[PDB]
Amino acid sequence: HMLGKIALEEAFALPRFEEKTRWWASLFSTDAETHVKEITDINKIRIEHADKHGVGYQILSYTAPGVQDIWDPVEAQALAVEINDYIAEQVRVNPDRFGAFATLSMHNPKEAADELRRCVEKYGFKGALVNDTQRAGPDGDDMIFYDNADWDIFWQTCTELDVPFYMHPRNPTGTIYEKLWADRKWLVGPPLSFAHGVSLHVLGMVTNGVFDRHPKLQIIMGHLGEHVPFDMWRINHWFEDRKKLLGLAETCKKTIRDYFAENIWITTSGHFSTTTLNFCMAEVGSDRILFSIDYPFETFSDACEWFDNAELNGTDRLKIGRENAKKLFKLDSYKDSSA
């Protein structure tokens, strides 16, 4: 029904990674052959889906765990560069239907900043999408978080280019996987582990002052905010009425509600629940919520038939379906953008 929707948690994989794609599909897809075809296709199947379901524009990004799974920094950087060059050539076929997020090796702040800049300046990419902490160390068992002063040069590049950063999940690996997840492995991914990682990282950015040093920085979370809106009251209470009397105020200058009004966005990817959407509208505001799908892990039909038919006032259907993202990503036009 609604046309010109924008979706922006929409994944692709390189054709040369078919074995890795099938491993990931063995965890998260019930039809591996269709999954392989859909995650690698850019300009045919993906366009047919969007045409049937009123999706005018999609910002594509690399599948998880992606470059964050690569703990060799030279290999990781070369892979990020390869992916960005590849998707730039692919989306030129349909520029009124596709944009792309930069794919990044996050081993080094300046290296990541330079590649983000190359993507934005050379290819017009719309921002960055990163799958939660970079694997590093001898066997990839270390994690690189971005919520510290070493990453200021990177976050300042984001605000200078004025593009958002999408904190996507990745799977638990190594020591963390063995200790917490191996004995309850069906919880890996969307059921629980994904949100635990993203919420930890983003609230780390909050409590380590990233949005104080970079007040213009825009951060996006999928899956209606990875549990965080559920605890908006509880986090705010334990920040303002407890931890900010014990030292947190030294590195965290605004309330959690301020940061959601000024810096943080949430997306409807993989969470097609009108009851939860309404609750998020109360706790974060319809202005800060964007439609997305999580294709091809979710189907266009599930996401779009939900949203198109959800009971919702017309003002917020427009905002969530396209107008919020249209302003955030400075979209002058695209297919059906004002339909």
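Residues carry their position along the shown sequence, with the first being 1.
The PDB entry records a higher mean C-alpha B factor for 134-142 than for its counterpart among 79-87 and 134-142. Stretches 263-271 and 94-102 differ in mean C-alpha B factor, with the higher average recorded for 94-102. The PDB entry assigns the greatest CA B-factor among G225, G124, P169, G204 to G124.
The PDB entry assigns its highest CA temperature factor, among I293, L290, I70, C280, to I70. When the CA B factors of the chain's modelled residues are split into thirds, the value for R22 lands in the highest one. Per-chain ranking of the deposited C-alpha B factor places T63 in the lowest third. For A182, the recorded CA B-factor ranks within the highest third of the chain. Only modelled residues enter the ranking. Residue-level temperature factors show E240 in the middle third of its chain, judged at the C-alpha atom. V55: CA B factor lies in the lowest third for its chain, per the PDB record.
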